[PDB]
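The chain that follows stands alone, in the form deposited in one PDB entry, written as structure tokens.
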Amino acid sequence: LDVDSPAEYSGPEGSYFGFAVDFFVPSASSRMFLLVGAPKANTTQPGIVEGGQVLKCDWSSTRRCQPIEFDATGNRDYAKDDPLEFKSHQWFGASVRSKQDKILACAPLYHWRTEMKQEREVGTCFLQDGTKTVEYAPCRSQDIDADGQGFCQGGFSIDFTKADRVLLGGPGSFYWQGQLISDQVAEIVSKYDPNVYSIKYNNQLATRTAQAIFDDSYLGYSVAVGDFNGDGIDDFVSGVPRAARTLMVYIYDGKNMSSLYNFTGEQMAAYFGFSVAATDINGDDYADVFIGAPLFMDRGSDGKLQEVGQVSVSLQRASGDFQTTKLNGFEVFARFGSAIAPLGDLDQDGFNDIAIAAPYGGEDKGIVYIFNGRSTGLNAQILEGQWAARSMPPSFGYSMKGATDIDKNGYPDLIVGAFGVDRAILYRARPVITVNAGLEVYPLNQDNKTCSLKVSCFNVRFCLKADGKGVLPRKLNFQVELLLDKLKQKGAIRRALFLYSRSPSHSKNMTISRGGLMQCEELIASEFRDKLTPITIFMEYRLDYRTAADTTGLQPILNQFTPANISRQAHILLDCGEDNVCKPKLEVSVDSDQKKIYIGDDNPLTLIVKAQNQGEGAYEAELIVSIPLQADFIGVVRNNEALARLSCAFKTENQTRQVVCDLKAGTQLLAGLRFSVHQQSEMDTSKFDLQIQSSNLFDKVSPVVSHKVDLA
């Protein structure tokens, strides 16, 4: 989703604008409308206040939000001193749905002058059929009592069925048990007669009453539709948040109203069933079930309860092979769960996804989570309501709908409401781009010395490709970055370099087109003391998002997965390749030939040096002829009967004598090794060993030597 440049809307103060959200479209036209409820708006209609509105806000180029076709049509009367409706206590705009040319806007707190008595109770819905507008009130049909559909609040939650049926949910349709009402659109509009206040439709399918055990369950609190038995007709899944001893979600057949599998939670008061979504994550057409528990609380990191919320993914598979998993929240009191918005292929690279929001998380303002779906699901983006509270918690994410595309996306775009601040924001989904790449090393060492002045020249691979589906700009300007050698300290050095530039790294600019064609570049890869450590090849890439956006300004995005940052190793001959495994056998030994030397600035004590390692890769073998304190290599031997150019370097860091001499077989590069032994401490008397520092000779076991000298 996109958060940097969204589209936002607002309305009258205190109007609860954005409490309900959906998408209106025109029949085979691009003038799509982002329907959004304003249930608390003052009504600009005769003889009525406190009615609310459903505002049509266009998609682009304008922020105008205008009321529905039903406007300037006030309270109808019953007699000369009695209004037919007790409107001015309603919430018109609390639930909005649209399929192709239809509106289902409902006022769950609408009241009407009843016929049985003079009381007021029912919820009403105002459809639209092209120009004609009709009234829907399935809970108004002679069932005027709290025992039945009097307190129905019908239309609190509504949904659409592929058979062109409308699934209406009134949690109070029964004694707050709730009921699903499904009526065909053709039957509703055809049977319209305004003088009849309780129109009956013949093909109505609705859930009947239950026992007194079921009560206050709010069956119609949340609704969704899917196929859960495999007959091509959408079943009715419903959010019953307070069922099974307030621990539920019901599934009803589309054409039979029969009871399919029920889902229950293990936590209490978590409100398991506040929102329900029906989509596919695993891959098979058998639709999954999602249940929200925004008040879920479990044992935390400190061993104490914390309310973080939780959701449930039900991988409903045929023949009873059901699998379930639970996703936990992350921020305390954030009410993670709440609005679960079934998105669909928010990323086309795979199957559908789900948006779960936290209306009271983040700094100070609302939080939205995103869960991408992969095979078997179990995949357990972030959005914030940066709008600040005015006089009410800005419940960002409380209302959400992301099932419908509104652009040249394929991905479905997301609408978010912030009713507590009187506003609604459009989160447009972004075009996903997946990428793959790799590289390897082709080239022998001594033959590279003939590369030009002569240097060493090697080769590696430069292959990357993205391709990707969807409608987005054909050519994408990718930035790629590569490293010659990695795992180096800030002070470490390079070994392989680009001869044309000697740069230890290189980044490339490419405007690659979208396609399956493979595109790779071309490049060719005794002054360095480091041999043993392997050369590390590294690969990095990115995309100039700013110029890659379309005319609408929708920013492209690379794959949210596919972590990149990939790297591989390499090795070159003549470093230790002269040895097949480069395993050394040191036996590094020296001896103190001379003894009985007087103590104190006398003639230097003569020692001997010899080598014992037989490893084939005995490059850079070190001669650290360690000595005790108060000694130094005074009088470097010049005779050099078998000595080599080993000249030592001396230092006394942290009271450690360096005397580092240097050199492929155990050989007696021997000469008189002298030491000043200028001991000034008369109370002391008389530890000689060869320290290991050669990586080519380094091993987990270092056969060394240890000897002393006799002084008198």
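Rigid core here is just the name for the largest C-alpha set that superposes within 1.5 Å across the two forms. Residue indices: 1-based, along the sequence shown.
There is another form of the same protein, the form deposited in another entry; it is not shown, and what comes next is about it.
**Request:** Fix the rigid core, compare C-alpha positions between this form and the one not shown, and report which of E135, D77, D253, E187 shifts by 2 Å or more.
**Result:** Between the two forms, the residue that moves is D77.
**Message:** If I superpose the two forms on their rigid core, does the C-alpha of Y545 end up displaced by 2 Å or more between this form and the one not shown?
**Reply:** The answer is yes, as the C-alpha of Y545 shifts between this form and the one not shown by 2 Å or more after core alignment.
**Item:** Large Cα shift (2 Å or above) at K326 between this form and the one not shown, core-fitted
**Value:** After core superposition, the displacement of the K326 C-alpha between this form and the one not shown stays below 2 Å, so no.
**Message:** Quick check on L483: with the core superposed, does its CA move 2 angstroms or more between this form and the one not shown?
**Reply:** Yes: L483 shifts by at least 2 Å between this form and the one not shown.
**Message:** Since the Cα-Cα distance for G410 and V237 shifts by 3 angstroms or more in the other entry, is it a contraction (closer) or an expansion (farther)?
**Reply:** Farther apart, which means the C-alphas of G410 and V237 are at least 3 Å more distant in the other entry.
**Item:** Note on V196-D71 C-alpha separation in the other entry, which departs from the shown form by 3 angstroms or more
**Value:** Closer: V196 and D71 approach by 3 Å or more in the other entry.
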